[PDB]
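# A look at the structure
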Amino acid sequence: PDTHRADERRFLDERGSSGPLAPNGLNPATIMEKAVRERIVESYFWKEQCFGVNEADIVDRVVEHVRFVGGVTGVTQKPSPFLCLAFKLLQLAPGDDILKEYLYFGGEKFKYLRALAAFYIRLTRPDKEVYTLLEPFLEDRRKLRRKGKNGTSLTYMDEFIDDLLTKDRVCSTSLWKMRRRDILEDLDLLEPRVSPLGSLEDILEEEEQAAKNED
Amino acid sequence: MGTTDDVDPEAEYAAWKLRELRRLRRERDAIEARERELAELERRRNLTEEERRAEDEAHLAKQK
């Protein structure tokens, strides 16, 4: 009595023939590399915690099980629960409402949920939309753990977002190549990014004022 | 390991401020680089026929 295994097997073994595409025009099943897909579906966490899960279950699993951001680590090539849940999100293909909830409301309560949502958005969304959605969270300064060679190292949400926005490979996953932000700006699709701090000149003026006055 | 937020709000905000400043400086550097590119473009545009010929020949013979 297990339709779940059948559905998963169907998704993994072939897609795009009977697969709805991501908003960026990619096929969700092939967004992550085949090798990594193998490492995930074979993994214990996938088999015991991702089996037949739901979008609600996604939040529950994130709170319960993810303690860091990472791809595949160690000699055994174990995929992080974070990565596995990302792959599951690729499977579930959640809509804008669910992503909105995860990111803003869930993200406010659970930082790793925001990290997951941001990752998924970078994976599945058009470049302009990705910049517009993710750039505000450069103001999110909450601490995150990232999986290193032994244990974990410290990073921050704004650093993770910046990585998503500026790097080709994140969490053992190749991110679809994007038009650079300056290209979008040149094409008038995007205005230049506005920092919460303001312009560099403004920062210089405030700095000079703070220095001149006694402090 | 594990992470705990807001153990020292002031310090954490200061650190974030430096990170954001770093991003801002990166953006500024990019802008200046682009302006240098436009400057060189314009410079090429204003070369005479013979000047451009001499320049391109010099570059080619140099790469040779």
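Residue indices run from 1 on each chain, following the sequence as it is written; they may not match the entry's numbering, and residues absent from the coordinates are omitted. Here every chain gets a letter starting at A, and every ligand a number starting at 1, in the order they are written. In computing side-chain properties, one takes all heavy atoms of the structure into account and sets aside hydrogens as well as water.

Structure determination for this PDB entry is given in the record as X-ray crystallography, at a resolution of 2.5500 Å.

UniProt positions are given in the numbering used here, feature names are shortened, and annotations may be inferred rather than shown by experiment. Turning to chain A, the UniProt annotation filed under Sequence similarities (unreviewed entry) states: "Belongs to the PRP38 family." Entered under Function (unreviewed entry) in the UniProt record, the comment concerning chain A runs "Required for pre-mRNA splicing."

A few words now on the pattern of salt bridges. Counted as salt bridges are all cases of a side-chain nitrogen of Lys or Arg within 4 Å of a carboxyl oxygen of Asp or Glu. All chains considered together, the criterion is met by 29 salt bridges over all chains. The residue A:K143 makes a salt bridge to B:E12 at a minimum N-O spacing of 3.6 Å. You can see A:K143 sitting in strand β3 (residues 143-147) and its partner B:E12 sitting in helix α1 (residues 9-45), one on each of two chains. Exposure classes here rest on a 1.4 Å probe applied to the protein chains alone. A residue is buried below 20% of its type maximum, exposed above 50%, and partly exposed in between. A residue is classified by how much of its surface remains accessible, and A:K143, at 18% relative accessible area, is buried. A:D162 serves as the salt-bridge partner of B:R26, at 2.8 Å between the closest nitrogen and oxygen. Taken together, the residues span two chains, with B:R26 in helix α1 and A:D162 in helix α10 (residues 157-166). For A:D162, a relative accessible area of 11% puts it in the buried group. A network of salt bridges, in which partner residues are shared, links A:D158, A:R193, B:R19, B:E20, B:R23 and B:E27. Each helix is a run of DSSP H or I of at least 4 residues and each strand a run of E of at least 2, with the numbering of both proceeding from the N terminus.

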